[PDB]
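Q: any chance you could fold what I've pasted below:
(2 chains)
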Amino acid sequence: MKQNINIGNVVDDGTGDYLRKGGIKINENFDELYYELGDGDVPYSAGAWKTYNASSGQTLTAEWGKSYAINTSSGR
Amino acid sequence: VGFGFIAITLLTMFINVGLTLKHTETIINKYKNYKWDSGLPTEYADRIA
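A: Numbering: from 1, shown residues only, chains lettered A, B, ... in the order given. Okay, here it is:
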């Protein structure tokens, strides 16, 4: 959501990096996203394929959504 | 023989503090450290067991 570190750069051999410090940053970057949408997600675009497979209960529980079946055989 | 002559006291401690302060040993140790610049190593050594 755009507040994150740049985490240093490769110019020549050079110096200024943080040279392995950036984890505490690198974490926040990941820690931005996996928590920015964190308790939730987008169900629709990935919630399509699967149920083209069997009718089995196919748990979507307690986040997103899963089974669109996009094809025959019982729809699940 | 004609003057009063009374006695009074004064005390001088002369605390000697300021011994030692010898700076002991000064110690420094170099680092190979890691920045995101980095680049090509020359071979490797150790690195795990």
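Q: tell me the SS of residue 17?
A: Defaulting to chain A. Judged by DSSP: H, G, I helix; E, B strand; the rest coil, the three-state class of residue A:17 is coil.
Q: oops, I was thinking of chain B
A: Per three-state DSSP, residue B:17 ends up coil.
Q: can you count the residues close to it?
A: 6 (other Cβ atoms under 10 Å in any protein chain shown). Using the backbone N, CA and C atoms, a C-beta is placed for each residue, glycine as well.
Q: for residue A:76, same thing?
A: 16.
Q: residue A:24 is in what secondary structure piece?
A: helix A:23-36 (DSSP states H and E).
Q: and the contacts of that helix?
A: Helix A:23-36 has contacts (Cβ atoms under 8 Å, 6 or more residues apart in numbering or on different chains) with A:1, A:3, A:4, A:5, A:7, A:18.
Q: and chain B, which of these reach it?
A: A:7, A:18 (Cβ under 8 Å from any Cβ of the partner chain).
Q: buried subset of the contacts of helix A:23-36?
A: The neighbour count (16 or more other Cβ atoms under 10 Å in any protein chain shown) marks residue A:18 as buried among the contacts of helix A:23-36.
Q: can I get the contacts of helix A:23-36 in CSV including distance to residue A:35?
A: CSV is the format used below for those (distance: Cβ to Cβ, whole Å):
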residue, distance to residue A:35
A:1, 10
A:3, 12
A:4, 12
A:5, 16
A:7, 18
A:18, 22
